[PDB]
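The structure file query04.tsv is reproduced below (TSV, C-alpha atoms and all ligand atoms).
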chain	number	residue	atom	x	y	z
A	161	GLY	CA	-48.40	62.19	-70.22
A	162	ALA	CA	-49.57	58.58	-69.95
A	163	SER	CA	-47.92	57.87	-73.32
A	164	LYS	CA	-44.39	59.10	-72.62
A	165	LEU	CA	-44.31	57.28	-69.28
A	166	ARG	CA	-45.36	54.07	-71.03
A	167	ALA	CA	-42.61	54.70	-73.56
A	168	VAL	CA	-40.23	54.76	-70.61
A	169	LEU	CA	-41.72	51.53	-69.24
A	170	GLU	CA	-41.53	49.88	-72.66
A	171	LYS	CA	-37.87	50.88	-72.80
A	172	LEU	CA	-37.46	49.37	-69.33
A	173	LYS	CA	-39.01	46.04	-70.36
A	174	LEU	CA	-36.02	45.24	-72.62
A	175	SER	CA	-33.74	44.40	-69.66
A	176	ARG	CA	-35.87	41.55	-68.26
A	177	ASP	CA	-34.07	38.94	-70.38
A	178	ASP	CA	-30.61	39.77	-69.06
A	179	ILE	CA	-31.90	40.21	-65.51
A	180	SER	CA	-33.46	36.74	-65.73
A	181	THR	CA	-30.37	35.06	-67.17
A	182	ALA	CA	-28.27	36.61	-64.42
A	183	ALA	CA	-30.92	35.57	-61.89
A	184	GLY	CA	-30.54	31.98	-63.07
A	185	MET	CA	-26.77	32.22	-62.78
A	186	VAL	CA	-27.25	33.39	-59.19
A	187	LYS	CA	-29.80	30.70	-58.33
A	188	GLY	CA	-27.37	28.00	-59.41
A	189	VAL	CA	-24.73	29.11	-56.91
A	190	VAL	CA	-27.24	29.89	-54.15
A	191	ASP	CA	-28.89	26.45	-54.20
A	192	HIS	CA	-25.48	24.77	-53.91
A	193	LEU	CA	-24.56	27.06	-51.01
A	194	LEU	CA	-27.80	26.20	-49.23
A	195	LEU	CA	-27.45	22.44	-49.71
A	196	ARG	CA	-23.96	22.62	-48.23
A	197	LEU	CA	-25.02	25.08	-45.50
A	198	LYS	CA	-27.74	22.74	-44.23
A	199	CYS	CA	-24.96	20.41	-43.03
A	200	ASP	CA	-23.93	22.48	-40.00
A	201	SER	CA	-25.84	21.66	-36.80
A	202	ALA	CA	-26.58	25.33	-36.16
A	203	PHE	CA	-27.81	26.24	-39.65
A	204	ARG	CA	-29.75	22.98	-40.05
A	205	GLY	CA	-33.13	24.55	-40.81
A	206	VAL	CA	-31.67	27.04	-43.29
A	207	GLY	CA	-33.78	27.77	-46.37
A	208	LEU	CA	-34.17	30.20	-49.25
A	209	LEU	CA	-36.51	33.16	-48.88
A	210	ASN	CA	-37.66	34.09	-52.38
A	211	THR	CA	-38.43	37.79	-51.97
A	212	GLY	CA	-37.02	41.02	-53.37
A	213	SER	CA	-37.55	43.22	-56.42
A	214	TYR	CA	-36.86	40.27	-58.73
A	215	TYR	CA	-39.60	38.02	-57.33
A	216	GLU	CA	-41.85	41.07	-56.97
A	217	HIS	CA	-41.35	41.51	-60.73
A	218	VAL	CA	-40.17	45.11	-60.31
A	219	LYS	CA	-36.40	44.64	-60.64
A	220	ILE	CA	-34.91	46.92	-63.29
A	221	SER	CA	-31.59	48.14	-64.72
A	222	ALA	CA	-29.27	46.10	-62.49
A	223	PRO	CA	-28.44	42.69	-64.04
A	224	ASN	CA	-25.06	42.31	-62.33
A	225	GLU	CA	-26.48	43.07	-58.89
A	226	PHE	CA	-28.71	40.82	-56.77
A	227	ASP	CA	-29.95	40.45	-53.20
A	228	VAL	CA	-30.85	37.07	-51.70
A	229	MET	CA	-32.11	36.13	-48.24
A	230	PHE	CA	-31.34	32.96	-46.30
A	231	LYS	CA	-34.02	32.31	-43.69
A	232	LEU	CA	-33.51	30.24	-40.56
A	233	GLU	CA	-36.28	28.90	-38.35
A	234	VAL	CA	-36.04	29.65	-34.63
A	235	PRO	CA	-38.76	27.66	-32.81
A	236	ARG	CA	-39.51	29.63	-29.63
A	237	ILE	CA	-38.08	33.07	-28.88
A	238	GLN	CA	-38.65	35.79	-26.28
A	239	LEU	CA	-38.26	39.26	-27.83
A	240	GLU	CA	-36.95	42.28	-25.93
A	241	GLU	CA	-37.57	45.69	-27.54
A	242	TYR	CA	-34.48	47.91	-27.58
A	243	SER	CA	-35.15	51.41	-26.23
A	244	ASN	CA	-38.53	52.09	-27.89
A	245	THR	CA	-37.01	51.70	-31.37
A	246	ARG	CA	-40.11	49.64	-32.27
A	247	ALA	CA	-38.06	47.87	-34.95
A	248	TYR	CA	-34.94	46.62	-33.17
A	249	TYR	CA	-35.07	43.72	-30.73
A	250	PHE	CA	-32.88	41.44	-28.64
A	251	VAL	CA	-33.47	37.74	-29.26
A	252	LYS	CA	-33.87	35.62	-26.14
A	253	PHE	CA	-35.32	32.12	-25.87
A	254	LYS	CA	-38.58	31.00	-24.28
A	255	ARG	CA	-37.55	27.65	-22.81
A	256	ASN	CA	-34.63	26.29	-20.79
A	257	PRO	CA	-33.79	22.92	-22.47
A	258	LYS	CA	-30.60	22.87	-24.53
A	259	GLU	CA	-32.52	21.66	-27.57
A	260	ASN	CA	-31.26	24.98	-28.94
A	261	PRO	CA	-28.67	24.38	-31.68
A	262	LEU	CA	-27.73	28.06	-31.40
A	263	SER	CA	-26.59	27.72	-27.78
A	264	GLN	CA	-23.07	28.25	-29.07
A	265	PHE	CA	-23.95	31.81	-30.19
A	266	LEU	CA	-25.76	32.75	-26.97
A	267	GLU	CA	-23.77	35.55	-25.33
A	268	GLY	CA	-25.63	35.58	-22.03
A	269	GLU	CA	-29.41	35.32	-22.20
A	270	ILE	CA	-29.27	37.43	-25.36
A	271	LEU	CA	-28.52	35.85	-28.74
A	272	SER	CA	-25.44	37.43	-30.33
A	273	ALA	CA	-25.69	38.74	-33.89
A	274	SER	CA	-21.91	39.09	-34.20
A	275	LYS	CA	-21.12	35.44	-33.42
A	276	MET	CA	-23.73	34.02	-35.79
A	277	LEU	CA	-22.71	36.43	-38.55
A	278	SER	CA	-19.13	35.27	-38.02
A	279	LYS	CA	-20.05	31.59	-38.31
A	280	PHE	CA	-22.21	32.41	-41.34
A	281	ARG	CA	-19.40	34.17	-43.21
A	282	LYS	CA	-16.97	31.44	-42.12
A	283	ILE	CA	-19.06	28.54	-43.44
A	284	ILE	CA	-19.98	30.40	-46.63
A	285	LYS	CA	-16.27	31.09	-47.15
A	286	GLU	CA	-15.25	27.48	-46.50
A	287	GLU	CA	-17.80	26.30	-49.04
A	288	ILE	CA	-17.17	28.87	-51.78
A	289	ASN	CA	-13.49	27.89	-51.63
A	290	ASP	CA	-14.40	24.24	-52.31
A	291	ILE	CA	-16.17	24.56	-55.67
A	292	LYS	CA	-14.15	25.41	-58.77
A	293	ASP	CA	-16.80	24.56	-61.37
A	294	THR	CA	-18.10	28.10	-60.84
A	295	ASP	CA	-15.81	31.11	-60.46
A	296	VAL	CA	-17.23	32.46	-57.19
A	297	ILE	CA	-15.29	34.87	-54.96
A	298	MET	CA	-16.17	36.25	-51.52
A	299	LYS	CA	-15.92	40.05	-51.24
A	300	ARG	CA	-14.78	42.01	-48.17
A	301	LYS	CA	-17.05	42.91	-45.24
A	302	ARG	CA	-18.56	46.41	-45.22
A	303	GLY	CA	-22.31	46.24	-44.64
A	304	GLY	CA	-24.22	45.09	-41.57
A	305	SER	CA	-27.34	43.10	-42.41
A	306	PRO	CA	-26.25	42.29	-45.96
A	307	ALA	CA	-23.24	40.68	-44.30
A	308	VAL	CA	-22.05	38.41	-47.11
A	309	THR	CA	-21.13	39.62	-50.60
A	310	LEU	CA	-20.25	37.34	-53.52
A	311	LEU	CA	-18.88	37.78	-57.03
A	312	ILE	CA	-20.02	35.24	-59.63
A	313	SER	CA	-17.99	34.82	-62.82
A	314	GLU	CA	-16.23	38.10	-61.97
A	315	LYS	CA	-19.42	39.87	-63.06
A	316	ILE	CA	-22.48	39.27	-60.88
A	317	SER	CA	-22.59	40.74	-57.37
A	318	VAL	CA	-24.81	38.95	-54.85
A	319	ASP	CA	-25.72	40.36	-51.44
A	320	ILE	CA	-26.42	37.53	-49.02
A	321	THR	CA	-28.36	38.44	-45.88
A	322	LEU	CA	-29.31	36.26	-42.90
A	323	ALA	CA	-32.80	36.21	-41.38
A	324	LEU	CA	-34.38	34.53	-38.37
A	325	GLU	CA	-37.91	33.23	-38.89
A	326	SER	CA	-40.46	33.36	-36.08
A	327	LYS	CA	-43.85	31.70	-36.51
A	328	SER	CA	-45.03	33.49	-33.36
A	329	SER	CA	-47.47	36.40	-33.30
A	330	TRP	CA	-46.13	39.68	-34.70
A	331	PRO	CA	-44.62	42.15	-32.18
A	332	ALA	CA	-46.92	44.76	-30.60
A	333	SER	CA	-45.25	47.53	-32.64
A	334	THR	CA	-46.96	46.14	-35.76
A	335	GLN	CA	-50.44	46.45	-34.19
A	336	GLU	CA	-51.56	49.54	-36.09
A	337	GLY	CA	-49.55	48.60	-39.17
A	338	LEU	CA	-50.55	46.97	-42.46
A	339	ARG	CA	-53.64	49.12	-42.98
A	340	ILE	CA	-55.05	47.22	-45.96
A	341	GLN	CA	-58.59	46.76	-44.59
A	342	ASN	CA	-60.30	49.03	-47.13
A	343	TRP	CA	-57.97	47.94	-49.92
A	344	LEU	CA	-57.25	44.20	-49.74
A	345	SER	CA	-59.89	43.54	-47.01
A	346	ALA	CA	-59.66	42.64	-43.31
A	347	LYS	CA	-59.89	38.91	-43.98
A	348	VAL	CA	-56.67	39.14	-45.98
A	349	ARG	CA	-55.00	41.24	-43.25
A	350	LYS	CA	-55.85	38.54	-40.71
A	351	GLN	CA	-54.52	35.84	-43.04
A	352	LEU	CA	-51.27	37.75	-43.59
A	353	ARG	CA	-50.72	38.48	-39.89
A	354	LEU	CA	-51.02	34.74	-39.20
A	355	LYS	CA	-47.85	34.26	-41.25
A	356	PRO	CA	-44.37	34.31	-39.67
A	357	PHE	CA	-42.18	37.41	-39.32
A	358	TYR	CA	-38.45	37.76	-39.92
A	359	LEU	CA	-35.46	39.36	-38.19
A	360	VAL	CA	-32.30	40.59	-39.91
A	361	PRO	CA	-29.11	41.43	-37.98
A	362	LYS	CA	-28.84	45.21	-37.67
A	363	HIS	CA	-27.35	47.65	-35.17
A	364	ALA	CA	-29.09	50.80	-33.93
A	365	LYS	CA	-27.41	54.16	-33.28
A	366	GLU	CA	-28.52	56.22	-30.28
A	367	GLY	CA	-25.34	58.30	-30.45
A	368	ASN	CA	-21.54	58.04	-30.46
A	369	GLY	CA	-21.55	54.25	-30.08
A	370	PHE	CA	-23.48	51.19	-31.28
A	371	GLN	CA	-25.47	48.26	-29.91
A	372	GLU	CA	-24.25	45.29	-31.95
A	373	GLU	CA	-26.61	42.56	-30.71
A	374	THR	CA	-29.90	43.95	-32.05
A	375	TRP	CA	-32.22	42.48	-34.69
A	376	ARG	CA	-34.53	44.49	-36.94
A	377	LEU	CA	-37.98	43.33	-38.08
A	378	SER	CA	-38.50	42.24	-41.68
A	379	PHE	CA	-41.69	41.57	-43.66
A	380	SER	CA	-40.33	41.21	-47.21
A	381	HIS	CA	-42.56	38.18	-47.82
A	382	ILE	CA	-45.66	40.20	-46.97
A	383	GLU	CA	-44.41	42.91	-49.33
A	384	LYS	CA	-44.02	40.28	-52.05
A	385	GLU	CA	-47.53	38.91	-51.51
A	386	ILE	CA	-49.11	42.38	-51.41
A	387	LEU	CA	-47.30	43.38	-54.61
A	388	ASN	CA	-48.18	40.25	-56.60
A	389	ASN	CA	-51.81	40.35	-55.46
A	390	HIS	CA	-52.45	44.08	-55.48
A	391	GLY	CA	-56.07	44.61	-56.49
A	392	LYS	CA	-59.37	45.01	-54.67
A	393	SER	CA	-60.70	42.67	-57.33
A	394	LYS	CA	-59.26	39.15	-57.33
A	395	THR	CA	-59.17	39.20	-61.14
A	396	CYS	CA	-57.34	42.54	-61.24
A	397	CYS	CA	-54.86	42.63	-64.16
A	398	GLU	CA	-56.09	39.20	-65.27
A	399	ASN	CA	-58.22	40.65	-68.08
A	400	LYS	CA	-58.31	43.70	-70.36
A	401	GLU	CA	-61.25	45.40	-68.63
A	402	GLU	CA	-59.49	45.18	-65.26
A	403	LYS	CA	-55.99	46.51	-65.98
A	404	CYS	CA	-54.38	48.81	-63.43
A	405	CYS	CA	-51.19	50.87	-63.34
A	406	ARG	CA	-49.96	50.24	-59.78
A	407	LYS	CA	-46.81	48.26	-60.60
A	408	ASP	CA	-46.12	50.68	-63.45
A	409	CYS	CA	-46.16	53.55	-60.95
A	410	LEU	CA	-43.81	51.71	-58.60
A	411	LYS	CA	-41.46	50.91	-61.49
A	412	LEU	CA	-41.50	54.56	-62.57
A	413	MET	CA	-40.70	55.82	-59.07
A	414	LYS	CA	-37.85	53.31	-58.77
A	415	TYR	CA	-36.46	54.35	-62.16
A	416	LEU	CA	-36.76	58.04	-61.24
A	417	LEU	CA	-34.76	57.61	-58.04
A	418	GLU	CA	-32.24	55.36	-59.81
A	419	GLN	CA	-31.60	57.91	-62.57
A	420	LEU	CA	-31.30	60.75	-60.07
A	421	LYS	CA	-28.86	58.73	-57.94
A	422	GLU	CA	-26.83	58.07	-61.10
A	423	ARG	CA	-26.79	61.74	-62.13
A	424	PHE	CA	-25.26	62.85	-58.82
A	425	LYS	CA	-23.30	59.75	-57.79
A	426	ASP	CA	-20.16	61.86	-57.34
A	427	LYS	CA	-21.65	64.20	-54.71
A	428	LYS	CA	-22.97	61.73	-52.09
A	429	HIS	CA	-26.17	63.72	-51.40
A	430	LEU	CA	-28.57	60.92	-52.37
A	431	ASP	CA	-26.52	58.02	-50.95
A	432	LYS	CA	-28.86	57.49	-48.00
A	433	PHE	CA	-31.94	57.02	-50.20
A	434	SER	CA	-32.98	53.56	-51.38
A	435	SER	CA	-35.79	51.84	-53.29
A	436	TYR	CA	-37.40	50.74	-50.03
A	437	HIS	CA	-38.36	54.36	-49.33
A	438	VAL	CA	-40.05	54.53	-52.73
A	439	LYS	CA	-41.79	51.20	-52.12
A	440	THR	CA	-43.03	52.25	-48.68
A	441	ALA	CA	-44.37	55.55	-50.00
A	442	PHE	CA	-46.05	53.59	-52.79
A	443	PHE	CA	-47.79	51.32	-50.29
A	444	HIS	CA	-49.04	54.37	-48.41
A	445	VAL	CA	-50.41	55.78	-51.67
A	446	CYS	CA	-52.11	52.42	-52.23
A	447	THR	CA	-53.78	52.76	-48.84
A	448	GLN	CA	-54.91	56.28	-49.76
A	449	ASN	CA	-56.47	54.98	-52.99
A	450	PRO	CA	-57.98	51.54	-52.22
A	451	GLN	CA	-60.18	51.34	-55.35
A	452	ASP	CA	-59.02	49.68	-58.57
A	453	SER	CA	-60.79	52.51	-60.39
A	454	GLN	CA	-58.32	54.92	-58.78
A	455	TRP	CA	-55.54	53.07	-60.60
A	456	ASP	CA	-57.02	52.85	-64.10
A	457	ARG	CA	-54.39	52.44	-66.83
A	458	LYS	CA	-55.58	55.48	-68.80
A	459	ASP	CA	-54.79	57.65	-65.77
A	460	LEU	CA	-51.19	56.41	-65.51
A	461	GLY	CA	-50.01	60.01	-65.63
A	462	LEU	CA	-52.21	61.25	-62.79
A	463	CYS	CA	-51.50	58.25	-60.59
A	464	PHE	CA	-47.77	58.75	-61.06
A	465	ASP	CA	-48.11	62.41	-60.13
A	466	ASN	CA	-49.97	61.18	-57.05
A	467	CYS	CA	-47.01	59.06	-55.99
A	468	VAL	CA	-44.35	61.73	-56.58
A	469	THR	CA	-46.52	64.28	-54.78
A	470	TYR	CA	-46.74	62.02	-51.74
A	471	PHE	CA	-43.04	61.17	-51.75
A	472	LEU	CA	-42.12	64.85	-51.93
A	473	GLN	CA	-44.38	65.56	-48.97
A	474	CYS	CA	-42.56	62.87	-47.01
A	475	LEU	CA	-39.30	64.60	-47.91
A	476	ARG	CA	-40.54	68.03	-46.81
A	477	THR	CA	-42.09	66.93	-43.52
A	478	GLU	CA	-39.30	64.43	-42.81
A	479	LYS	CA	-41.92	61.75	-42.17
A	480	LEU	CA	-42.15	58.33	-43.82
A	481	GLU	CA	-43.75	55.66	-41.64
A	482	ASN	CA	-42.72	52.03	-42.05
A	483	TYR	CA	-45.76	50.36	-43.61
A	484	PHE	CA	-45.69	47.67	-40.91
A	485	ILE	CA	-44.20	49.62	-38.00
A	486	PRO	CA	-46.06	52.98	-37.99
A	487	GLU	CA	-44.04	54.54	-35.15
A	488	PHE	CA	-40.78	53.95	-37.03
A	489	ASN	CA	-39.84	56.94	-39.19
A	490	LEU	CA	-37.73	56.07	-42.24
A	491	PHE	CA	-37.17	59.78	-42.89
A	492	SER	CA	-36.19	60.90	-39.39
A	493	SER	CA	-33.43	63.49	-39.05
A	494	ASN	CA	-31.37	60.86	-37.23
A	495	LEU	CA	-31.39	58.66	-40.33
A	496	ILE	CA	-31.25	61.27	-43.11
A	497	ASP	CA	-30.14	64.89	-42.72
A	498	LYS	CA	-32.43	67.65	-44.01
A	499	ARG	CA	-29.96	68.82	-46.67
A	500	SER	CA	-30.23	65.53	-48.57
A	501	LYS	CA	-34.03	65.53	-48.45
A	502	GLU	CA	-34.13	69.12	-49.67
A	503	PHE	CA	-31.74	68.26	-52.50
A	504	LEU	CA	-33.88	65.31	-53.58
A	505	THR	CA	-36.95	67.55	-53.35
A	506	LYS	CA	-35.24	70.17	-55.52
A	507	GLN	CA	-34.29	67.67	-58.21
A	508	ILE	CA	-37.62	65.81	-58.30
A	509	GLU	CA	-39.55	69.10	-58.45
A	510	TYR	CA	-37.32	70.28	-61.31
A	511	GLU	CA	-37.98	67.02	-63.16
A	512	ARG	CA	-41.73	67.26	-62.66
A	513	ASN	CA	-41.66	70.89	-63.82
A	514	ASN	CA	-39.75	70.05	-67.00
A	515	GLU	CA	-41.71	66.96	-68.11
A	516	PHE	CA	-39.13	64.58	-66.62
A	517	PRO	CA	-36.13	64.98	-68.98
A	518	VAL	CA	-34.41	62.35	-66.84
A	519	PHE	CA	-36.76	59.85	-68.51
A	520	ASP	CA	-34.83	60.27	-71.77
B	601	LIG	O1	-34.81	45.55	-43.52
B	601	LIG	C1	-35.90	45.65	-44.25
B	601	LIG	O2	-36.70	44.75	-44.39
B	601	LIG	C2	-36.08	46.99	-44.91
B	601	LIG	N1	-35.97	48.12	-43.99
B	601	LIG	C3	-35.31	49.32	-44.17
B	601	LIG	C4	-34.50	49.74	-45.33
B	601	LIG	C5	-33.90	50.96	-45.37
B	601	LIG	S1	-33.04	51.18	-46.82
B	601	LIG	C6	-33.54	49.60	-47.29
B	601	LIG	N2	-34.29	48.96	-46.45
B	601	LIG	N3	-35.44	50.14	-43.15
B	601	LIG	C7	-36.24	49.45	-42.24
B	601	LIG	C8	-36.71	49.85	-40.99
B	601	LIG	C9	-37.51	48.98	-40.28
B	601	LIG	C10	-37.85	47.73	-40.79
B	601	LIG	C11	-37.38	47.32	-42.04
B	601	LIG	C12	-36.58	48.20	-42.74
B	602	ZN	ZN	-53.87	45.30	-61.08
Reformat the file's structure so that it appears as structure tokens.
Amino acid sequence: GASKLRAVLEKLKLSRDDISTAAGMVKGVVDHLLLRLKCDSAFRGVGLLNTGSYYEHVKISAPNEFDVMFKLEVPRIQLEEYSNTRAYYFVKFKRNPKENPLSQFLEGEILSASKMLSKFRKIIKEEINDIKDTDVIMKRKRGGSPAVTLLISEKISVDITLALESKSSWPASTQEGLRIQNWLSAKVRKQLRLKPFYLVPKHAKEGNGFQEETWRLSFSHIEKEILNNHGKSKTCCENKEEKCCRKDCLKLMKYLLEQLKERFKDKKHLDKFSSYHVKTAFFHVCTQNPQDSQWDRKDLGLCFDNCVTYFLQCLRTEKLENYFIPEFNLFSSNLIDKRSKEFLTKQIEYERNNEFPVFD
């Protein structure tokens, strides 16, 4: 029902005002933090990376929650892949001169994530304590990559993550990734792959213990660009004759998962699932249907059923390739146990069989 779904989306559009006001409230604090952060010799080249659901224009239903990324430029780095993970790497440095301002964090030849995260939280703390014009508090440490967590005006929660920026060529694991050749063209793929890639501090788990000095690949900027320039036609969604329902589908998937996570928040089954899974699956569906005509607005129902159908498959086969790192499985049994996937499958299938009552 392309009408009921659009009723849901119209209902969703009402939150944009509050999400934008809160976004402004966040930006005000963030800019200050960055200006002050640029003072340290180590975090000199720190900058703001404007990516995420908000800048992708798909952020919904969470005004008091935000995620921001601080990017830092590392000139020349030698990357060492950790145990065929294809996504996690050790950061070494190409040259010998102590031009490196991060020499202080170098634990051996390998760059330590723990040390730099410590200095990051320390400086951020020292600076949030200084300003009293804005009621900003620093929350306790729980997460890994989203290392810093702030509370603005005792209302807004901001997840601050650190990211290294490398202008070098993308790692070999991304070779067969970003299959947009038949969709956004090969010229565009080449242009995009000429852009830098990022690394967020994350630990991998091979078993009982952890490796705490690893960095995981990040391409959020590429995701942003792909999302905000999503058509085979350059004038896609710029006129009435060329209006597609891609972003609508993504929004609907996100809302579906959100509602389902809210319905069973007390049972912890769906805790491991996030919106990135939905986004990834969506990108795969975009690759499957490269034509704008396959995303016509009038077919909003069908297209949505195409996305769900794919996502479900990913849940059943326990396979969801990272759109940039094909050999990395987001839905591997190591990451998410079968019981959770089967539960999510059960619920989604129920919803689809009862005309999505969760949409009302
Ligand atoms: O860090 C990011 O940019 C997002 N991301 C997630 C993820 C899982 S739940 C939210 N995000 N899993 C990944 C695995 C490999 C590379 C990137 C991955
Ligand atoms: Zn479009």
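Comparing A:190, A:360, A:273, A:430 by their smallest distance to residue 503 in chain A, the closest is A:430 (using only C-alpha atoms).
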Within 6 Å of ligand ZN 602 (chain B), counting all atoms listed in the file, residues as an mmCIF file with C-alpha atoms, keeping the file's coordinate frame:
data_model
loop_
_atom_site.group_PDB
_atom_site.id
_atom_site.type_symbol
_atom_site.label_atom_id
_atom_site.label_comp_id
_atom_site.auth_asym_id
_atom_site.auth_seq_id
_atom_site.Cartn_x
_atom_site.Cartn_y
_atom_site.Cartn_z
ATOM 1 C CA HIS A 390 -52.450 44.080 -55.480
ATOM 2 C CA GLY A 391 -56.070 44.610 -56.490
ATOM 3 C CA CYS A 396 -57.340 42.540 -61.240
ATOM 4 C CA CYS A 397 -54.860 42.630 -64.160
ATOM 5 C CA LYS A 403 -55.990 46.510 -65.980
ATOM 6 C CA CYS A 404 -54.380 48.810 -63.430
#
Nearest to ligand LIG 601 (chain B): which of A:457, A:339, A:246, A:506 is it, counting only C-alpha atoms and all ligand atoms?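 Selected residue with least distance to ligand LIG 601 (chain B): A:246.
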Please identify all polymer residues within 8 Å of residue 251 in chain A, counting only C-alpha atoms, omitting same-chain residues fewer than 3 positions from it, and present them as a PyMOL selection string. chain A and resi 237-240+270-271+374-375
List as a PDB file with C-alpha atoms, in the frame of the given file the protein and nucleic acid residues lying within 9 Å of ligand LIG 601 (chain B), with only C-alpha atoms and all ligand atoms counted.
ATOM      1  CA  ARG A 246     -40.110  49.640 -32.270  1.00  0.00           C
ATOM      2  CA  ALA A 247     -38.060  47.870 -34.950  1.00  0.00           C
ATOM      3  CA  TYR A 248     -34.940  46.620 -33.170  1.00  0.00           C
ATOM      4  CA  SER A 305     -27.340  43.100 -42.410  1.00  0.00           C
ATOM      5  CA  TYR A 358     -38.450  37.760 -39.920  1.00  0.00           C
ATOM      6  CA  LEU A 359     -35.460  39.360 -38.190  1.00  0.00           C
ATOM      7  CA  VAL A 360     -32.300  40.590 -39.910  1.00  0.00           C
ATOM      8  CA  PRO A 361     -29.110  41.430 -37.980  1.00  0.00           C
ATOM      9  CA  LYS A 362     -28.840  45.210 -37.670  1.00  0.00           C
ATOM     10  CA  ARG A 376     -34.530  44.490 -36.940  1.00  0.00           C
ATOM     11  CA  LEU A 377     -37.980  43.330 -38.080  1.00  0.00           C
ATOM     12  CA  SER A 378     -38.500  42.240 -41.680  1.00  0.00           C
ATOM     13  CA  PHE A 379     -41.690  41.570 -43.660  1.00  0.00           C
ATOM     14  CA  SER A 380     -40.330  41.210 -47.210  1.00  0.00           C
ATOM     15  CA  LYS A 432     -28.860  57.490 -48.000  1.00  0.00           C
ATOM     16  CA  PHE A 433     -31.940  57.020 -50.200  1.00  0.00           C
ATOM     17  CA  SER A 434     -32.980  53.560 -51.380  1.00  0.00           C
ATOM     18  CA  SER A 435     -35.790  51.840 -53.290  1.00  0.00           C
ATOM     19  CA  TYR A 436     -37.400  50.740 -50.030  1.00  0.00           C
ATOM     20  CA  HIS A 437     -38.360  54.360 -49.330  1.00  0.00           C
ATOM     21  CA  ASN A 482     -42.720  52.030 -42.050  1.00  0.00           C
ATOM     22  CA  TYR A 483     -45.760  50.360 -43.610  1.00  0.00           C
ATOM     23  CA  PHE A 484     -45.690  47.670 -40.910  1.00  0.00           C
ATOM     24  CA  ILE A 485     -44.200  49.620 -38.000  1.00  0.00           C
ATOM     25  CA  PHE A 488     -40.780  53.950 -37.030  1.00  0.00           C
ATOM     26  CA  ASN A 489     -39.840  56.940 -39.190  1.00  0.00           C
ATOM     27  CA  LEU A 490     -37.730  56.070 -42.240  1.00  0.00           C
TER      28      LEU A 490
END
Distance in Å - CA of residue 355 in chain A versus CA of residue 230 in chain A: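 According to the coordinates, CA of residue 355 in chain A and CA of residue 230 in chain A are separated by 17.3 Å.
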Here CA of residue 410 in chain A and CA of residue 336 in chain A stand apart by 23.9 Å
Å distance separating CA of residue 346 in chain A from CA of residue 480 in chain A, one decimal place: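 Value for the CA of residue 346 in chain A-CA of residue 480 in chain A distance: 23.5 Å.
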What lies within 7 Å of residue 472 in chain A using all atoms listed in the file, ignoring chain neighbours under 4 positions off, as a CSV table (one decimal) with C-alpha atoms, in the coordinates of the input?
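Ended up saving to result29.csv:
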chain,number,residue,atom,x,y,z
A,468,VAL,CA,-44.4,61.7,-56.6
A,476,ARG,CA,-40.5,68.0,-46.8
A,505,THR,CA,-37.0,67.6,-53.4
For residue 189 in chain A, which residue out of A:296, A:510, A:283, A:207 is the nearest one, using all atoms listed in the file? A:296
Mind checking which residues fall within 10 Å of residue 466 in chain A, counting all atoms listed in the file, ignoring those fewer than 4 positions away in the same chain, and posting them as JSON, numbers by chain? {"A": [409, 442, 445, 449, 460, 461, 462, 470, 471]}
Nearest to residue 198 in chain A: which of A:182, A:284, A:228, A:310 is it, counting only C-alpha atoms?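 Counting only C-alpha atoms, the residue closest to residue 198 in chain A is A:284.
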Hey, can you pull every residue with an atom no more than 12 Å from (-41.7, 41.7, -58.8), using all atoms listed in the file, and send it as a PyMOL selection string? chain A and resi 176+179-180+210-220+380-381+383-390+406-408+410-411+439
With distances taken over only C-alpha atoms, which of A:348, A:291, A:164, A:438 is nearest to residue 518 in chain A? A:164
Tell me, as number ranges by chain, which residues lie within 12 Å of residue 259 in chain A, counting all atoms listed in the file; anything in the same chain fewer than 3 positions away does not count. A: 201-202, 234-236, 253-256, 262-264
Selection as a list in words: residues within 10 Å of (-38.8, 63.4, -65.0), counting all atoms listed in the file: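 Applying the cut-off with all atoms listed in the file, one gets residues 165, 412, 413, 415, 416, 417, 419, 420, 507, 508, 509, 510, 511, 512, 513, 514, 515, 516, 517, 518, 519 and 520 of chain A.
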A:276, A:332, A:307, A:312 ranked by distance to residue 188 in chain A, top pick (using only C-alpha atoms):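 Closest candidate: A:312.
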Saving range 206-222 of chain A with C-alpha atoms, as a PDB file, in the first residue's frame, what would that file be?
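Output saved as out-v1.pdb:
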ATOM      1  CA  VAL A 206      41.565  17.850  13.948  1.00  0.00           C
ATOM      2  CA  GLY A 207      38.406  18.667  12.002  1.00  0.00           C
ATOM      3  CA  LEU A 208      34.685  17.955  11.838  1.00  0.00           C
ATOM      4  CA  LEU A 209      33.433  15.130   9.633  1.00  0.00           C
ATOM      5  CA  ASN A 210      29.864  16.005   8.660  1.00  0.00           C
ATOM      6  CA  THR A 211      28.366  12.566   8.058  1.00  0.00           C
ATOM      7  CA  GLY A 212      25.660  10.472   9.680  1.00  0.00           C
ATOM      8  CA  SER A 213      21.898  10.036   9.374  1.00  0.00           C
ATOM      9  CA  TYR A 214      21.361  13.756  10.004  1.00  0.00           C
ATOM     10  CA  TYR A 215      23.520  14.961   7.106  1.00  0.00           C
ATOM     11  CA  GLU A 216      22.219  12.073   5.000  1.00  0.00           C
ATOM     12  CA  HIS A 217      18.757  13.538   5.658  1.00  0.00           C
ATOM     13  CA  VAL A 218      17.435  10.231   6.998  1.00  0.00           C
ATOM     14  CA  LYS A 219      17.593  10.889  10.750  1.00  0.00           C
ATOM     15  CA  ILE A 220      14.256  10.234  12.449  1.00  0.00           C
ATOM     16  CA  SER A 221      12.602   9.950  15.883  1.00  0.00           C
ATOM     17  CA  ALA A 222      15.674  10.698  18.013  1.00  0.00           C
TER      18      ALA A 222
END
